[PDB]
Amino acid sequence: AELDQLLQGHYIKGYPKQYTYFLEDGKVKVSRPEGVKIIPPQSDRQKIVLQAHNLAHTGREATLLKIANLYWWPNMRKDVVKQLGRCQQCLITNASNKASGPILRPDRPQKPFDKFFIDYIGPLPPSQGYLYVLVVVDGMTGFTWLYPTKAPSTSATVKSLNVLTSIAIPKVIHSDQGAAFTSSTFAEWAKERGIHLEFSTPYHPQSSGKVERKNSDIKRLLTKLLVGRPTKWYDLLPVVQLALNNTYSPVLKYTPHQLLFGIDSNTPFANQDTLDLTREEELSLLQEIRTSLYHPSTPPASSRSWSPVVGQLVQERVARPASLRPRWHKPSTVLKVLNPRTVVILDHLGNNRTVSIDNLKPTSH
Amino acid sequence: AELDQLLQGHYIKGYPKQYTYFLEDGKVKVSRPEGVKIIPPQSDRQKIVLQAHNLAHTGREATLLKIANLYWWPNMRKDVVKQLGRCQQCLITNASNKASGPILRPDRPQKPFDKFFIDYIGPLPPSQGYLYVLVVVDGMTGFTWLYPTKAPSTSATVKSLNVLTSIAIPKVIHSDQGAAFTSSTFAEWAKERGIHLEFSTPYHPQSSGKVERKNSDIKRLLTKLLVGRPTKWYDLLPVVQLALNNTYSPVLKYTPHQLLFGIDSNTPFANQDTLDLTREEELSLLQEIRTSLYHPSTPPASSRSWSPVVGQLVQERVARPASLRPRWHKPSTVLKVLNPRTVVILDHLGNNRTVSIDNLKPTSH
Amino acid sequence: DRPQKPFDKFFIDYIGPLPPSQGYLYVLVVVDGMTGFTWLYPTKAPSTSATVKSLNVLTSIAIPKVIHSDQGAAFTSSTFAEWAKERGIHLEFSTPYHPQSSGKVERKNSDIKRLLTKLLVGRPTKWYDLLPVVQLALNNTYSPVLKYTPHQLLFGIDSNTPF
Amino acid sequence: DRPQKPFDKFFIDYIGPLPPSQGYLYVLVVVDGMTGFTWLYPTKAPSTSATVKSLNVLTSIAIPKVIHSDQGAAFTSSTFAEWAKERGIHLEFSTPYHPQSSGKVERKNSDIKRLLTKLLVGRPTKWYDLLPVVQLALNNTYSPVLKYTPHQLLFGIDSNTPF
DNA sequence: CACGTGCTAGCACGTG
DNA sequence: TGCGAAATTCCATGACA
DNA sequence: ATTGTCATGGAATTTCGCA
DNA sequence: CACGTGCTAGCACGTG
DNA sequence: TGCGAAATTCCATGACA
DNA sequence: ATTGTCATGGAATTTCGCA
Ligand SMILES: [Mg+2]
Ligand SMILES: [Mg+2]
Ligand SMILES: [Mg+2]
Ligand SMILES: [Mg+2]
Ligand SMILES: [Zn+2]
Ligand SMILES: [Zn+2]
């Protein structure tokens, strides 16, 4: 009873005066629309709000309502949110109700061999002793090379890519942080040929979207071609590769082969418009196609999204949570905002993690 | 060369006259904006469209474009879609681009014990030798009973529910087609007490939404309470049950306990508004609450959804497809339309399946 | 003062020993003072130990303000006193030898005793399994004084198994 | 008639035997007639058998209209005739003993032969591993007659490894 | 050898 | 031109994960 | 230190054949 | 014992 | 009434699965 | 023969204390 001046008819900021505050049982009470409620001294409030919340680690409203049953004081929700921001278990176990910011649509690599995207499809049902496919997709064209491997290992990746680079050498190769790609042996191999390695953020396959999306197309065709037949895919990759490389993208009106070369080879339903032009007049037209390719814009932001700001408190989706374990790490801080969707955080362990915002939620309160 | 009258300047319906149709190589050709194209006799067309499509089992446009390179004829896409509707592999492997119709929001069970929803949470990390939780949620109130079991078996379900029915007996018990629930032994048990068994459609946990959603709430609290402690959940179910049953639903402004009884028991932050009323005046107010509970309406349909119509061709999502195997069954027919979201189909094996439309796609063409 | 309500007082006592029904010798009678609602828990002894096992289940559903009982061992122990206080349940005791409740509870406790004894000699040493029915029966019985059933009074709605 | 283009004609021949480079005795030279672009496949024999292994890889990338070759065993066999026809590749043969190509191909086939022989005695019995470089080198070489590189002509863009 | 990162398996129940 | 049919383009949905 | 994608097929819409 | 239905595990790589 | 602050309600997002 | 759900916390909005 520190602010008890109310009992003697004094005014205290925040406390409505049209109500009457009396004393019974040894408690300061209030006559209210809801009923008669109890007003605890400021000191006892933190404790009460805690007790109520801890009953079921309830969010804002559910916590307030519990307290409403016995008590009233000014701005209870302000005292309530204070606690919710302080409950370690709620902060690290609750879901977020804020969507990621709208997706970036990176510029299509300018020329063939500006960027490779690589990934492994597998494991698959054994064929000729093989279990995986290394899928190399060129970013500009979409052209795709498929290599069967017995394992998703640096060993095999190097083995495959040496064959591929006989043709040409890429500026950049993008990949997910799959062991075989984040090896030192591979960084070596890349360095020796002067290729920059660029890696997707972890647990975020959208980044390698190009390959992943090409994977679908590879699986879809494989499947169709293996209907009602044992799944022996090895002998088919060669066919799927040629097929898919020579298949028109409706929005672009072009085939990866075309975008790579400007003319069809001796594949069936071969195009032959540029048949009367010289190779020189043909190769120029290509440059013109490659520049005026359709490109999507970023879709409109969700009504209830968020974008990361430096110094913001932000938590990382736990990689692979055990059963009955919390799905979010202890709160961290935004250091760099590499773009509206990528972030460098102070990792909980505690390093610099470059993470996608998809694996982030803004910390509440 | 059946419709070759064009070569002699005759008109044939569908063939533009402003163009000139000549003969070279032994083929009927046409001078076109695109270039010079070849017009095959009607008989050769089915074959060509097939050959092109089969290259990569391409959809409409991608197939057309391939053919465009060499040929032109009237309404090629009409001949193209004809084939796509006839390619078994494409029909059963391709994804759909049509969303389900908007969800139904079933009426909340009128009274307590009109409906039970049941499900098993688990397996969990062993506690006192227990591995599963049987979760019984009453549809009207949300009141929930939790039973620890060593297995998700009829045996254990019966064992648990006998204890539960000591209190009261439900009209209906809803569940998923989990073995323990679709047993004969359980149908027996249910029959003996005059409870109707109602089952969710297969591979569709939304149907048991009430339980499933309560599961989340159960796991979330369990987790919070087990932070930084070994996962021994057994001794906690009792606490989680009381906690959760006594926790306000913000939209309803009521706790499952309240909705069940009308007054709080001796739990902390006990409500006491209806303290001055008689039990009779208290129990009437309850009836009034139970009728005027907030209820959501069905959300607006997606721009590109569909609703099932009797006699429609429709395919069922393959339960658990092996790797590189098609994700859809051979096309079937709608028999009954139980509601805008539930369907009885002629099962591919071939029975009457009551399936959710979520596990259905409308057959293309 | 303020009208009788559910969970205001739970009346408990033990009944037994009985014929060893699948290993269970006793029964813990719990009766809500105002609805007359009855819970029946078969136990192996009139011990604090098993009074707790059973009343844990019950208090995981709803929790009385007060427990009223006789001065039987199981009820006057420390453990049970400590168990009651952990949950803020006040313990009230009838003076020894002169037992007391309200009108309603006394009658219900009679019914249970007889309804138990009848479906004990008619259906002999197999009473365990039948307890759930006795319970439904009891709770679906019509109250002479009040125009309603214990089920009706507690849940506020017609039972789906009337008796 | 209609201007020379890529994939219009692929010129093939074998080169060997050479020192056993990690088990590989021969090399299949494939050269695009118009870009001069060159593919190099190490083989263990100038057999139809391995001409197929290698040209399968290549024809999984792009497919020539015509293959031009000498009347070597590997090229005049049935199997190879049947392999060519399966894919609609026309086989064209130089008259025996009097070899022929175009100007461009003849020169490129010379370069390969010498560029191969030099980085054969300078870097001795370990040529296998170096084939990928020879290939890049060859394809990044400047054409005297045409103002462009084989890479440039084929892909239509500056190579990221100029030579 | 546990750890981080990429992937797809697997086991339990009741029933024929 | 203007009108009806045909062609072409729009696009949200889903699967890679 | 990095970032989603594109085949697909009904529906919307623009182009075309012919006056 | 394979099958349908409900659930969550698991193994492979390179690196410390 | 009218205005500023406080309270209460709106709701889309995600997790059960 | 059956059918999604609701806790959640910033943002939108309605109610309240006081003139
Ligand atoms: Mg992948
Ligand atoms: Mg479940
Ligand atoms: Mg006694
Ligand atoms: Mg030779
Ligand atoms: Zn909390
Ligand atoms: Zn097809």
# chains A, B, ... in the order shown; residues from 1 in each chain; ligands from 1
$ residues_near_ligand --ligand "ligand 3" --cutoff "6 Å" --atoms "only C-alpha atoms (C1' of nucleotides) and all ligand atoms" --output "JSON, numbers by chain"
{"C": [13, 14, 72]}
$ select_by_dssp --residues "range 158-314 of chain A" --states "helix (DSSP H, G or I)" --output "VMD selection string"
chain A and resid 158 to 165 179 to 181 184 to 192 209 to 225 234 to 245 256 to 261 273 to 275 279 to 291
$ select_by_dssp --residues "range 12-126 of chain D" --states "strand (DSSP E or B)" --output "ChimeraX atom specification"
/D:12-15,21,24,26-32,38-43,66-69,90-93
$ interface_residues --of "chain I" --to "chain A" --cutoff "8 Å" --atoms "only C-alpha atoms (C1' of nucleotides)" --output "list in words"
residues 6, 12, 13, 14 and 15 of chain I
$ write_last_selection --atoms "C-alpha atoms (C1' of nucleotides)" --output "PDB file, in the first residue's frame"
ATOM      1  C1'  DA I   6      -6.450   3.156 -23.270  1.00  0.00           C
ATOM      2  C1'  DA I  12      -3.060 -13.614 -41.169  1.00  0.00           C
ATOM      3  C1'  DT I  13       0.459 -16.684 -40.021  1.00  0.00           C
ATOM      4  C1'  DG I  14       1.946 -21.048 -38.671  1.00  0.00           C
ATOM      5  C1'  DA I  15       1.930 -25.659 -36.598  1.00  0.00           C
TER       6       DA I  15
END
$ calpha_fit_and_write --fixed "chain A" --moving "chain B" --output "compact mmCIF listing (two decimals) with C-alpha atoms, in the first residue's frame"
# COMPACT_ATOMS: atom_id res chain seq x y z
CA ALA B 1 0.00 0.00 0.00
CA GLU B 2 2.36 2.74 -1.27
CA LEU B 3 -0.10 4.42 -3.65
CA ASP B 4 -3.00 4.16 -1.18
CA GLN B 5 -3.77 7.87 -1.34
CA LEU B 6 -6.72 6.68 -3.48
CA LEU B 7 -8.34 5.33 -0.31
CA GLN B 8 -8.28 8.91 1.02
CA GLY B 9 -9.77 10.30 -2.22
CA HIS B 10 -6.50 11.50 -3.75
CA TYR B 11 -5.82 11.28 -7.49
CA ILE B 12 -2.96 9.14 -8.87
CA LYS B 13 -2.05 9.39 -12.59
CA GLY B 14 -3.58 6.53 -14.62
CA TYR B 15 -6.28 5.63 -12.07
CA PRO B 16 -9.84 6.63 -13.12
CA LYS B 17 -11.51 8.89 -10.56
CA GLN B 18 -15.17 8.13 -11.37
CA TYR B 19 -14.69 4.77 -9.62
CA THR B 20 -14.66 4.13 -5.89
CA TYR B 21 -11.70 2.40 -4.22
CA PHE B 22 -12.35 0.85 -0.79
CA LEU B 23 -10.72 -1.59 1.64
CA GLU B 24 -11.82 -5.09 2.69
CA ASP B 25 -10.01 -8.28 3.83
CA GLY B 26 -6.79 -6.21 3.98
CA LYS B 27 -6.79 -5.46 0.25
CA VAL B 28 -7.45 -2.38 -1.90
CA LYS B 29 -10.48 -3.16 -4.07
CA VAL B 30 -12.40 -1.48 -6.92
CA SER B 31 -16.07 -1.50 -7.97
CA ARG B 32 -16.09 -2.28 -11.71
CA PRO B 33 -18.41 -3.01 -14.67
CA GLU B 34 -16.84 -6.49 -14.77
CA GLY B 35 -17.30 -6.96 -10.97
CA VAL B 36 -15.21 -6.20 -7.87
CA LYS B 37 -11.46 -6.45 -8.50
CA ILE B 38 -8.30 -6.20 -6.40
CA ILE B 39 -5.51 -3.67 -6.94
CA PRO B 40 -2.08 -4.95 -5.91
CA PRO B 41 0.83 -2.65 -4.97
CA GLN B 42 3.30 -2.09 -7.83
CA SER B 43 5.81 -4.45 -6.13
CA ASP B 44 3.41 -7.43 -6.17
CA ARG B 45 2.46 -7.01 -9.81
CA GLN B 46 5.50 -8.43 -11.60
CA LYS B 47 4.99 -11.54 -9.45
CA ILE B 48 1.26 -11.90 -10.18
CA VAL B 49 1.62 -11.45 -13.95
CA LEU B 50 4.32 -14.09 -13.80
CA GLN B 51 2.17 -16.56 -11.83
CA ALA B 52 -0.75 -16.20 -14.21
CA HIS B 53 1.37 -16.53 -17.33
CA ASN B 54 3.33 -19.49 -16.02
CA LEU B 55 0.10 -21.49 -15.69
CA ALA B 56 0.19 -22.37 -19.36
CA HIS B 57 2.83 -19.96 -20.69
CA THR B 58 -0.04 -18.15 -22.34
CA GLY B 59 0.37 -15.24 -24.79
CA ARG B 60 -0.89 -11.68 -24.27
CA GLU B 61 -4.64 -11.91 -24.09
CA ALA B 62 -4.95 -15.37 -22.53
CA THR B 63 -2.59 -14.13 -19.81
CA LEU B 64 -4.47 -10.88 -19.25
CA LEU B 65 -7.86 -12.62 -18.98
CA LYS B 66 -6.56 -14.99 -16.28
CA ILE B 67 -5.48 -11.98 -14.24
CA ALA B 68 -8.69 -10.06 -15.00
CA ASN B 69 -10.60 -12.63 -12.92
CA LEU B 70 -9.26 -11.23 -9.65
CA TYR B 71 -7.33 -8.06 -10.37
CA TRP B 72 -7.40 -4.68 -12.07
CA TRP B 73 -4.70 -2.04 -12.48
CA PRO B 74 -3.83 0.61 -15.08
CA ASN B 75 -2.23 -0.77 -18.25
CA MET B 76 -2.07 -4.41 -17.26
CA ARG B 77 -1.16 -5.46 -20.80
CA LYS B 78 1.90 -3.20 -20.59
CA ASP B 79 3.03 -5.18 -17.52
CA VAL B 80 2.00 -8.40 -19.28
CA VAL B 81 4.00 -7.82 -22.46
CA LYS B 82 6.99 -6.91 -20.29
CA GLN B 83 6.96 -10.49 -18.94
CA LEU B 84 6.32 -12.18 -22.27
CA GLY B 85 9.42 -10.48 -23.64
CA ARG B 86 11.25 -11.93 -20.63
CA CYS B 87 10.05 -15.56 -20.61
CA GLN B 88 12.89 -17.52 -22.15
CA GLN B 89 10.71 -20.59 -22.87
CA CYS B 90 7.99 -18.67 -24.66
CA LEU B 91 10.46 -16.71 -26.75
CA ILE B 92 12.21 -19.86 -27.96
CA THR B 93 9.18 -22.20 -28.36
CA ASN B 94 6.34 -20.07 -29.78
CA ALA B 95 5.69 -19.74 -33.49
CA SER B 96 5.92 -16.36 -35.26
CA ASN B 97 2.90 -14.68 -36.82
CA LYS B 98 4.96 -12.43 -39.12
CA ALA B 99 5.68 -13.58 -42.69
CA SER B 100 9.00 -13.22 -44.50
CA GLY B 101 9.43 -10.15 -46.70
CA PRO B 102 8.62 -10.71 -50.39
CA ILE B 103 11.17 -12.70 -52.39
CA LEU B 104 14.05 -11.21 -54.38
CA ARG B 105 14.28 -12.18 -58.01
CA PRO B 106 18.03 -12.03 -58.79
CA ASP B 107 19.07 -10.86 -62.20
CA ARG B 108 19.53 -13.70 -64.67
CA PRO B 109 23.27 -14.28 -65.20
CA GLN B 110 24.28 -12.00 -68.10
CA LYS B 111 26.14 -14.53 -70.30
CA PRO B 112 26.48 -18.32 -70.46
CA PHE B 113 29.11 -19.42 -67.94
CA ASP B 114 28.67 -16.37 -65.69
CA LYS B 115 27.06 -18.69 -63.18
CA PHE B 116 26.68 -22.40 -62.59
CA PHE B 117 24.24 -23.76 -60.05
CA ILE B 118 25.04 -27.26 -58.76
CA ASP B 119 23.25 -29.82 -56.57
CA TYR B 120 22.87 -33.57 -56.06
CA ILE B 121 19.67 -35.48 -56.75
CA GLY B 122 19.59 -38.53 -54.45
CA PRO B 123 19.92 -41.17 -53.16
CA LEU B 124 17.96 -42.94 -55.87
CA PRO B 125 17.07 -46.59 -56.36
CA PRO B 126 20.39 -48.24 -57.44
CA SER B 127 21.07 -48.34 -61.13
CA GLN B 128 24.26 -49.93 -62.55
CA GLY B 129 25.61 -49.36 -59.03
CA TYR B 130 24.99 -45.59 -59.18
CA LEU B 131 22.98 -43.70 -56.55
CA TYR B 132 23.20 -39.96 -57.16
CA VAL B 133 23.04 -37.41 -59.92
CA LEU B 134 25.17 -34.27 -60.03
CA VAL B 135 23.11 -31.66 -61.78
CA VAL B 136 24.91 -28.70 -63.26
CA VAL B 137 22.64 -25.97 -64.56
CA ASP B 138 23.94 -22.87 -66.29
CA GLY B 139 22.14 -19.80 -64.92
CA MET B 140 21.83 -17.78 -68.11
CA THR B 141 20.54 -20.48 -70.47
CA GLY B 142 19.17 -23.12 -68.17
CA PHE B 143 21.38 -25.62 -70.03
CA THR B 144 21.88 -28.64 -67.81
CA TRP B 145 24.55 -31.33 -67.55
CA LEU B 146 23.81 -34.52 -65.62
CA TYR B 147 26.51 -36.70 -64.05
CA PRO B 148 25.77 -40.06 -62.41
CA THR B 149 27.84 -40.66 -59.28
CA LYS B 150 28.08 -43.42 -56.69
CA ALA B 151 28.29 -40.84 -53.87
CA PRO B 152 27.78 -37.10 -53.23
CA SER B 153 31.49 -36.55 -52.61
CA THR B 154 34.10 -33.93 -53.55
CA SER B 155 35.87 -36.82 -55.23
CA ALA B 156 32.98 -37.40 -57.62
CA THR B 157 32.12 -33.74 -58.12
CA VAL B 158 35.68 -32.95 -59.17
CA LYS B 159 35.69 -36.03 -61.40
CA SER B 160 32.53 -34.81 -63.15
CA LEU B 161 33.29 -31.10 -63.41
CA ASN B 162 36.69 -31.68 -65.01
CA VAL B 163 34.80 -33.22 -67.93
CA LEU B 164 32.41 -30.30 -67.97
CA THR B 165 35.09 -27.60 -67.92
CA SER B 166 36.87 -29.17 -70.96
CA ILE B 167 34.15 -27.29 -72.81
CA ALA B 168 34.26 -23.99 -70.95
CA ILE B 169 35.02 -22.46 -67.55
CA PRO B 170 32.42 -20.61 -65.41
CA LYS B 171 33.11 -17.36 -63.54
CA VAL B 172 31.01 -18.51 -60.55
CA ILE B 173 29.60 -21.80 -59.27
CA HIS B 174 26.70 -21.57 -56.75
CA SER B 175 25.76 -24.44 -54.49
CA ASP B 176 24.19 -25.40 -51.18
CA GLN B 177 26.39 -25.99 -48.15
CA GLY B 178 26.37 -29.71 -48.83
CA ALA B 179 29.58 -31.25 -47.44
CA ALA B 180 31.05 -32.17 -50.86
CA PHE B 181 30.74 -28.50 -51.87
CA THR B 182 32.01 -26.85 -48.69
CA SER B 183 35.15 -28.96 -48.61
CA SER B 184 38.66 -27.53 -48.72
CA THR B 185 39.57 -29.95 -51.54
CA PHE B 186 36.81 -28.37 -53.62
CA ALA B 187 37.75 -24.79 -52.75
CA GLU B 188 41.24 -25.82 -53.94
CA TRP B 189 39.97 -27.25 -57.19
CA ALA B 190 37.95 -24.07 -57.75
CA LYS B 191 40.91 -21.77 -56.92
CA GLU B 192 43.22 -23.56 -59.37
CA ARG B 193 40.88 -22.71 -62.25
CA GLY B 194 39.96 -19.28 -60.97
CA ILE B 195 36.31 -19.91 -60.30
CA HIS B 196 34.63 -18.07 -57.44
CA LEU B 197 32.66 -20.32 -55.11
CA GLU B 198 29.42 -18.81 -53.94
CA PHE B 199 27.28 -20.64 -51.35
CA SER B 200 23.56 -20.55 -50.57
CA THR B 201 22.49 -19.72 -47.03
CA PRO B 202 21.91 -22.87 -44.91
CA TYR B 203 18.55 -24.72 -44.72
CA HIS B 204 17.23 -22.69 -47.61
CA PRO B 205 16.93 -24.57 -50.87
CA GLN B 206 15.19 -21.59 -52.64
CA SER B 207 18.64 -20.07 -53.04
CA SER B 208 19.71 -22.95 -55.25
CA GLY B 209 16.21 -22.61 -56.77
CA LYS B 210 17.51 -22.87 -60.35
CA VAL B 211 19.00 -26.33 -59.79
CA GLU B 212 16.27 -27.50 -57.47
CA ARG B 213 13.63 -26.47 -60.02
CA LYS B 214 15.58 -28.20 -62.77
CA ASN B 215 15.67 -31.28 -60.49
CA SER B 216 11.88 -31.44 -60.57
CA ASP B 217 11.96 -31.38 -64.34
CA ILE B 218 14.57 -34.15 -64.29
CA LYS B 219 12.59 -36.35 -61.87
CA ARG B 220 9.29 -35.71 -63.65
CA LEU B 221 10.70 -36.91 -66.98
CA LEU B 222 12.61 -39.81 -65.44
CA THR B 223 9.38 -40.94 -63.80
CA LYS B 224 7.29 -40.69 -66.96
CA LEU B 225 9.91 -42.67 -68.87
CA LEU B 226 10.08 -45.35 -66.15
CA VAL B 227 6.30 -45.99 -65.86
CA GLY B 228 5.52 -49.70 -65.50
CA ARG B 229 9.20 -50.57 -65.73
CA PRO B 230 11.91 -51.22 -63.11
CA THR B 231 13.60 -47.99 -62.00
CA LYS B 232 16.88 -48.21 -63.94
CA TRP B 233 17.60 -44.55 -64.50
CA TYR B 234 21.30 -44.67 -65.32
CA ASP B 235 20.91 -45.45 -69.03
CA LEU B 236 18.29 -42.67 -69.23
CA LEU B 237 20.17 -39.60 -67.93
CA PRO B 238 21.78 -39.09 -71.37
CA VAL B 239 18.27 -39.01 -72.90
CA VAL B 240 16.75 -36.77 -70.21
CA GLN B 241 19.63 -34.30 -70.58
CA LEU B 242 19.26 -33.97 -74.35
CA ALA B 243 15.47 -33.90 -74.05
CA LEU B 244 15.33 -31.24 -71.36
CA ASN B 245 18.03 -29.04 -72.85
CA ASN B 246 16.08 -29.03 -76.08
CA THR B 247 12.65 -28.24 -74.48
CA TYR B 248 11.01 -24.78 -74.98
CA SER B 249 10.32 -22.62 -71.94
CA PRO B 250 6.88 -21.13 -72.68
CA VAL B 251 7.56 -17.70 -71.11
CA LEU B 252 10.90 -17.39 -72.83
CA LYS B 253 9.89 -19.03 -76.13
CA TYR B 254 13.42 -20.56 -76.16
CA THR B 255 15.23 -23.80 -75.38
CA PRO B 256 18.35 -23.88 -73.18
CA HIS B 257 20.14 -25.23 -76.26
CA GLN B 258 19.06 -22.22 -78.31
CA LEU B 259 20.04 -19.77 -75.60
CA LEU B 260 23.43 -21.49 -75.51
CA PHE B 261 24.16 -21.78 -79.24
CA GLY B 262 21.61 -19.85 -81.31
CA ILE B 263 20.77 -22.87 -83.47
CA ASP B 264 19.34 -26.30 -82.90
CA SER B 265 21.56 -29.31 -83.58
CA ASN B 266 20.34 -32.50 -85.25
CA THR B 267 17.60 -33.11 -82.73
CA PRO B 268 14.04 -33.80 -83.94
CA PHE B 269 11.72 -30.87 -84.69
CA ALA B 270 14.85 -28.80 -85.27
CA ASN B 271 14.34 -25.06 -85.65
CA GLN B 272 15.59 -23.46 -88.84
CA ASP B 273 14.47 -19.83 -89.02
CA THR B 274 18.00 -18.45 -88.74
CA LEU B 275 18.93 -20.80 -91.61
CA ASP B 276 19.38 -18.05 -94.20
CA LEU B 277 21.48 -15.71 -92.00
CA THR B 278 25.25 -16.02 -91.76
CA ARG B 279 26.65 -17.28 -88.46
CA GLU B 280 27.65 -13.67 -87.76
CA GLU B 281 24.09 -12.34 -88.31
CA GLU B 282 22.88 -15.34 -86.27
CA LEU B 283 25.22 -14.72 -83.31
CA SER B 284 24.20 -11.05 -83.13
CA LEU B 285 20.47 -11.90 -82.93
CA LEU B 286 21.37 -14.15 -80.00
CA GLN B 287 22.86 -11.20 -78.03
CA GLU B 288 19.57 -9.43 -78.63
CA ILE B 289 17.50 -12.38 -77.37
CA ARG B 290 19.72 -12.79 -74.30
CA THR B 291 19.11 -9.17 -73.29
CA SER B 292 15.36 -9.02 -73.89
CA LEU B 293 14.52 -12.19 -71.98
CA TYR B 294 11.42 -11.94 -69.81
CA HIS B 295 12.25 -11.35 -66.17
CA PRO B 296 9.83 -11.47 -63.24
CA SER B 297 9.57 -8.71 -60.66
CA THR B 298 9.37 -9.35 -56.92
CA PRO B 299 5.75 -10.12 -55.83
CA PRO B 300 3.94 -7.71 -53.48
CA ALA B 301 4.75 -7.95 -49.73
CA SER B 302 2.40 -9.77 -47.37
CA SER B 303 0.13 -7.57 -45.21
CA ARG B 304 1.94 -8.79 -42.11
CA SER B 305 5.53 -9.31 -43.18
CA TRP B 306 8.76 -7.78 -41.80
CA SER B 307 12.20 -6.76 -43.04
CA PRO B 308 15.41 -7.03 -41.03
CA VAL B 309 17.01 -3.85 -39.66
CA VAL B 310 20.52 -3.68 -38.16
CA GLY B 311 20.58 -4.05 -34.36
CA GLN B 312 17.19 -5.80 -34.35
CA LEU B 313 16.62 -8.75 -32.04
CA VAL B 314 16.04 -11.82 -34.15
CA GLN B 315 16.01 -15.60 -33.64
CA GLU B 316 17.20 -18.48 -35.75
CA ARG B 317 15.09 -21.52 -36.56
CA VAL B 318 16.74 -24.50 -34.85
CA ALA B 319 18.27 -26.70 -37.53
CA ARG B 320 16.95 -30.09 -36.48
CA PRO B 321 15.15 -29.89 -33.10
CA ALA B 322 14.70 -33.10 -31.14
CA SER B 323 11.19 -34.17 -30.16
CA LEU B 324 9.63 -31.93 -27.47
CA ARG B 325 12.50 -29.43 -27.86
CA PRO B 326 12.11 -25.76 -28.83
CA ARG B 327 12.25 -24.83 -32.50
CA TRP B 328 14.05 -21.44 -32.05
CA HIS B 329 17.50 -20.39 -30.73
CA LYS B 330 18.13 -17.83 -27.99
CA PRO B 331 17.66 -14.31 -29.45
CA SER B 332 20.49 -12.74 -31.48
CA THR B 333 21.25 -9.44 -33.21
CA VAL B 334 21.30 -8.32 -36.84
CA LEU B 335 24.81 -7.16 -37.78
CA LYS B 336 24.73 -6.79 -41.58
CA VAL B 337 21.69 -6.56 -43.83
CA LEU B 338 23.23 -7.94 -47.05
CA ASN B 339 19.87 -7.44 -48.72
CA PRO B 340 16.22 -7.27 -47.63
CA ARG B 341 16.21 -11.09 -47.33
CA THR B 342 19.71 -12.03 -46.18
CA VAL B 343 21.29 -11.33 -42.84
CA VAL B 344 24.51 -11.75 -40.91
CA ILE B 345 23.69 -12.48 -37.29
CA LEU B 346 25.74 -13.04 -34.24
CA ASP B 347 25.39 -16.84 -34.16
CA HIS B 348 24.37 -18.36 -30.78
CA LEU B 349 27.71 -20.31 -30.55
CA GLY B 350 28.80 -17.58 -31.28
CA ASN B 351 29.95 -16.77 -34.82
CA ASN B 352 29.00 -14.77 -37.89
CA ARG B 353 26.21 -16.67 -39.62
CA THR B 354 24.94 -15.57 -42.97
CA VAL B 355 21.31 -16.74 -42.76
CA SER B 356 18.17 -16.34 -44.86
CA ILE B 357 15.30 -14.44 -43.24
CA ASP B 358 13.12 -17.48 -43.81
CA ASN B 359 15.02 -19.10 -40.96
CA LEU B 360 14.43 -16.03 -38.85
CA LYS B 361 11.66 -14.61 -36.76
CA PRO B 362 11.66 -11.13 -35.21
CA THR B 363 11.80 -11.37 -31.44
CA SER B 364 8.51 -10.28 -29.85
CA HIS B 365 8.36 -7.29 -27.45
$ interface_residues --of "chain G" --to "chain A" --cutoff "9 Å" --atoms "only C-alpha atoms (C1' of nucleotides)" --output "list in words"
residues 1, 2, 3, 4, 5, 6 and 7 of chain G
$ closest_atom_pairs --of "chain D" --to "chain A" --cutoff "7 Å" --atoms "only C-alpha atoms" --output "CSV"
residue,atom,partner,partner_atom,distance
D:2,CA,A:276,CA,6.0
D:3,CA,A:278,CA,5.7
D:5,CA,A:279,CA,6.2
D:7,CA,A:265,CA,5.6
D:60,CA,A:242,CA,5.3
D:61,CA,A:242,CA,6.2
D:62,CA,A:265,CA,5.7
D:63,CA,A:266,CA,4.8
D:64,CA,A:266,CA,5.4
D:65,CA,A:266,CA,5.2
D:132,CA,A:166,CA,4.6
D:133,CA,A:166,CA,6.9
D:135,CA,A:166,CA,6.1
D:136,CA,A:166,CA,6.1
D:154,CA,A:261,CA,6.1
D:155,CA,A:261,CA,5.3
D:156,CA,A:283,CA,5.7
D:160,CA,A:169,CA,6.3
D:161,CA,A:169,CA,6.8
$ interface_residues --of "chain H" --to "chain A" --cutoff "9 Å" --atoms "only C-alpha atoms (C1' of nucleotides)" --output "list in words"
residues 12, 13, 14 and 15 of chain H
